Structures are given as C-alpha cells and as structure tokens.
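First, one chain by itself in structure tokens, the form deposited in one PDB entry.
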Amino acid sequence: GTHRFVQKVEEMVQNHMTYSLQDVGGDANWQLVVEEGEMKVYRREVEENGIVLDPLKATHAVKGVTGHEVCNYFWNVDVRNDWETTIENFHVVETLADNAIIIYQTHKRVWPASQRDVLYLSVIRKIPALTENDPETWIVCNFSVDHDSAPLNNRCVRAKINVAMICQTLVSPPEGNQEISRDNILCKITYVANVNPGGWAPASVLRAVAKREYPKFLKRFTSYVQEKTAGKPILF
C-alpha cells in the first residue's frame, strides 16, 4: 500500500511470522496456564519497573472454518460488538487502506485500577505459501500508534499493545465422490498479545484477569466464527 504506516506494518508482520510462530510448549520461559480442548494459553512472566508486561500466546485448532474467515471476522469492525465483551466504546479514527484502519477504544474496568484506553492500527494481510503443499497464512496485527485526532485522555490510562491473530487452514479432502465440506477443514490459530498496562497494578490480579479473559474471548470468538460460517461456501 501507499499509506504512511506500510513499513511499520511489514516489520510487525515479519516479526510475528518469525518470533510469534515459534513453538512454546517445550520452552521453559513459558508456562501453560490454560488448557481446554484444542485450546492452550501460555504466558511468560515479565515486568519492567514493577509494571506487568507478561507476553501471552494461545494456540487453538477450530474445525469447520478457514484462516481467511477467522481473520476476516477478527478484523471486521462491523461484527466487533457481536463477540467482544471487554470494550466500553470504540470508533474508527482513520481508514488507511482497504485492509488497514486505526481504532480508538476504551475498555471496561477489568483491572483494580483506572480505566484503560488504546489506539491501534489494525491490519489484515495474507502471507503467500512458498509451495502448494503448505498453508497460506492470514494474519491480523493490532499494534499501537499515535494519532492527532486521539490524544491522551484525562480520564484513561493509555495502554500500548502488540497483538497478532495468525491462522492457517489445513484441509483433508474426502476419499471419493464427495465434495469438500466444512467437515474437511481445520483452522490452526496462534494468537499473541503483548499488552503494556501503562501504569502499575497488582500483578497477581492482572495475571488472574488474563487467565480468565483470554480463554473466554478465544472460545466465544471462535464459536462465533463457527456459527456465522456454518453451511456457507468455504472461503479459503
């Protein structure tokens, strides 16, 4: 694209493709904090200046949906209020391109602390596969940016985020005369969130809230995509 954030977008996407896809199950810096079905949520305990920064990584596998579909739903602001439960208000600050926008939103007070807001560029991209034997990758990157129309608030502490939802479709076509159905596709998801709360709060509580809220979102959101796509032609 030609918008002013193209280089930053490419950098963020590249960093996610190399660092975020790395296997974390046998990485002792990480702890498996939540497991349920195909869902696993891991976190790395990190603080700077007493502020909790814990990188979060979740993996999931969702039957019957494609990575394109999952990423479309996650990115599309027109369905945001259908699945998101942690937001108070949001609006689009600017539209940069057909696949890239800047969003301002305030969050419900889930932490024992002041309300947080956030101002982020949200971009959906396809990373082509090197071979037809591999899956294409779809990724939505949400990362903080500044904008003149959304300066610091008087009432809210400005959090900073670097989040990616990265998805690949696996297909297992049926053995004979049948056409591929949704019974034959599975979406592998890696979701990474690095959130800087923008000020101090008790780590024990922030960690409990993350352990509760991320798996709640992932189940609700993935269920939503399953419901909304059920019975429709497959969007690879």
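For the two forms, the rigid core is made up of the largest set of C-alpha atoms that agree within 1.5 Å on superposition. One rule holds for the numbers: they count along the sequence shown, beginning at 1.
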If we scan the other compared entries, does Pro174 go without coordinates in at least a third?
-> yes
Mean Cα B-factor comparison, 83-91 or 158-166, giving the higher one as deposited = 83-91
Using the B-factors recorded in the PDB entry, average over the C-alpha atoms of 146-154 and of 126-134, then report which stretch comes out higher.
-> 146-154
One of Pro55, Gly50, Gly64, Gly67 has the largest Cα B-factor in the entry, namely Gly50
Using the B-factor values recorded in the entry, state whether the Cα atom of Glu213 falls in the lowest, middle or highest third among the modelled residues of its chain.
-> lowest
Third assignment of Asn72 from its chain's C-alpha B-factors = lowest
Ordered by C-alpha B-factor within the chain, which third holds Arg207? Give me lowest, middle or highest, please.
-> middle
Thinking about Cα B factors across the chain, which third does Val110 belong to?
-> highest
Taking the chain's C-alpha temperature factors as the reference, tell me which third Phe221 falls into: lowest, middle or highest.
-> lowest
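This next part talks about the form deposited in another entry, which is not shown.
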Could you check which of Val110, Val145, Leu96, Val79 shows a C-alpha shift of 2 Å or more between this form and the one not shown after a rigid core superposition?
-> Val110
